[PDB]
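J.: Encoded as structure tokens, here's the structure I'll be asking about.
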Amino acid sequence: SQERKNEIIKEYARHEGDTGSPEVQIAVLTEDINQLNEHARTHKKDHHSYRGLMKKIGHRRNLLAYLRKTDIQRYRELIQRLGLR
RNA sequence: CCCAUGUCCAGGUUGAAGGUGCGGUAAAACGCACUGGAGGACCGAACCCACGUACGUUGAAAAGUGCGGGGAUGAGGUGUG
Ligand SMILES: [Mg+2]
Ligand SMILES: [Mg+2]
Ligand SMILES: [Mg+2]
Ligand SMILES: [Mg+2]
């Protein structure tokens with residue numbers, strides 16, 4: 001949702017202007033992915049939506065790889081905040 | 001054969017489901033351990049049955065004994081009424 005995405009940007013971002021950043025993107029994608037996994041458990045047959053789920057997941061994984069390359073401290077802080085492995 | 005009401009099955013073993021935790025995952029299938037303790041499951045006394053063999057065969061016995069044998073928490077054995 002737009003209000004939830006606003007909250008997530010304001011929380012995880014470095015500024016109120018820095019809408020775009022890896023931590024911001026990943027924080028949005030994780031909530032979207034949780035909603036989609038619940039939707040999939042409720043709608044097991046919607047493979048057409050599971051595809052977009054996997055695409056979002058790959059996007060998040062690539063962002064996380066960029067973070068592991070550039071800033072390992074930022075990476076670990078992010079993952080402690082989010083709860084990912 | 002059945003009704004009701006009771007009672008008996010030394011000991012040991014294996015280790016189903018379920019559960020928990022750790023991996024693995026985007027989350028799961030899944031895997032690894034532990035727990036748990038199922039079974040007309042296993043080995044084997046009493047208990048029950050009678051596979052073989054020898055002997056007995058005017059028998060110890062109008063159907064047995066010995067040497068081994070099968071089942072042994074179940075569709076079990078047994079008691080009283
Ligand atoms: Mg048995
Ligand atoms: Mg036995
Ligand atoms: Mg008796
Ligand atoms: Mg006979």
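Residues are referred to by chain and number: the chain letter is A, B, ... according to the order shown in the structure tokens, the number counts from 1 in that chain, and ligands are numbered separately from 1 in the order shown.
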Show me which residues sit within 10 Å of ligand 1 when counting only C-alpha atoms (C1' of nucleotides) and all ligand atoms, and put them as a ChimeraX atom specification.
T.: /B:39-42,71-74
J.: Could you dump the residues just selected with C-alpha atoms (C1' of nucleotides) as a PDB file, in the first residue's frame?
T.:
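After the write, again-v3.pdb holds the following:
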```pdb
ATOM      1  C1'   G B  39       2.377 -53.421  16.149  1.00  0.00           C
ATOM      2  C1'   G B  40      -3.492 -59.534  14.741  1.00  0.00           C
ATOM      3  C1'   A B  41       5.733 -57.118  15.056  1.00  0.00           C
ATOM      4  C1'   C B  42      10.481 -60.199  16.731  1.00  0.00           C
ATOM      5  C1'   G B  71       1.991 -69.411  18.797  1.00  0.00           C
ATOM      6  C1'   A B  72       3.061 -66.583  23.012  1.00  0.00           C
ATOM      7  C1'   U B  73      -0.751 -58.176  23.762  1.00  0.00           C
ATOM      8  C1'   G B  74      -4.298 -61.098  20.726  1.00  0.00           C
TER       9        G B  74
END
```
J.: Go through chain B residue by residue and, counting only C-alpha atoms (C1' of nucleotides), keep those with an atom at most 12 Å from chain A; for each kept residue give the shortest atom pair and its distance in Å to one decimal, ordered by chain and increasing number, as a tab-separated table.
T.:
```
residue	atom	partner	partner_atom	distance
B:24	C1'	A:85	CA	11.6
B:25	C1'	A:85	CA	10.3
B:26	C1'	A:57	CA	6.2
B:27	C1'	A:37	CA	6.8
B:28	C1'	A:41	CA	10.2
```
J.: Since we have the selection now, will you write its residues out, keeping C-alpha atoms (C1' of nucleotides), as a PDB file, in the first residue's frame?
T.:
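Saved as selection.pdb:
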```
ATOM      1  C1'   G B  24      17.990 -25.875   3.539  1.00  0.00           C
ATOM      2  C1'   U B  25      14.573 -22.367   1.338  1.00  0.00           C
ATOM      3  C1'   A B  26      11.951 -16.223  -0.557  1.00  0.00           C
ATOM      4  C1'   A B  27       8.640 -19.707   2.199  1.00  0.00           C
ATOM      5  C1'   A B  28       8.168 -24.718   1.656  1.00  0.00           C
TER       6        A B  28
END
```
J.: Could you list the protein, DNA and RNA residues that have any atom within 12 Å of ligand 3, counting only C-alpha atoms (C1' of nucleotides) and all ligand atoms, and write them as a PyMOL selection string?
T.: chain B and resi 8+46-48+77-79
J.: Within 12 Å of ligand 4, counting only C-alpha atoms (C1' of nucleotides) and all ligand atoms: which residues, as an MDAnalysis selection string?
T.: chainID B and resid 49:52 63
J.: What's the 12 Å shell around residue B:19, counting only C-alpha atoms (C1' of nucleotides), without same-chain residues fewer than 4 positions away, as a PyMOL selection string?
T.: chain B and resi 34-36
J.: Tell me which of B:44, B:80, B:69, B:12 sits closest to ligand 2, counting only C-alpha atoms (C1' of nucleotides) and all ligand atoms.
T.: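 Selected residue with least distance to ligand 2: B:44.
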J.: Counting only C-alpha atoms (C1' of nucleotides), what is within 10 Å of stretch 6-15 of chain A, bar same-chain residues fewer than 3 positions away, as number ranges by chain?
T.: A: 1-3, 18-28, 31, 78, 81-82
J.: Rounded to one decimal place, report the atom CA of residue A:69-atom CA of residue A:51 distance in Å.
T.: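 Here the two named atoms are 27.1 Å from each other.
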J.: Would you return as number ranges by chain the members of chain A that DSSP assigns to helix (DSSP H, G or I) on this structure's backbone?
T.: A: 2-12, 22-42, 47-70, 72-82
J.: Between atom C1' of residue B:20 and atom CA of residue A:83, what is the distance in Å, rounded to a tenth?
T.: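 These two atoms are separated by 23.1 Å.
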J.: How far is it from atom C1' of residue B:37 to atom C1' of residue B:75, in Å with one decimal?
T.: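 Answer for the atom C1' of residue B:37 to atom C1' of residue B:75 separation: 24.0 Å.
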J.: Quick one: of B:54, B:23, B:70, B:76, who's nearest to ligand 2, counting only C-alpha atoms (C1' of nucleotides) and all ligand atoms?
T.: B:70
J.: Find the residues near residue B:38: any atom within 9 Å, counting only C-alpha atoms (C1' of nucleotides), skip ones fewer than 2 places away on the same chain, and give them as a PyMOL selection string.
T.: chain B and resi 15-17
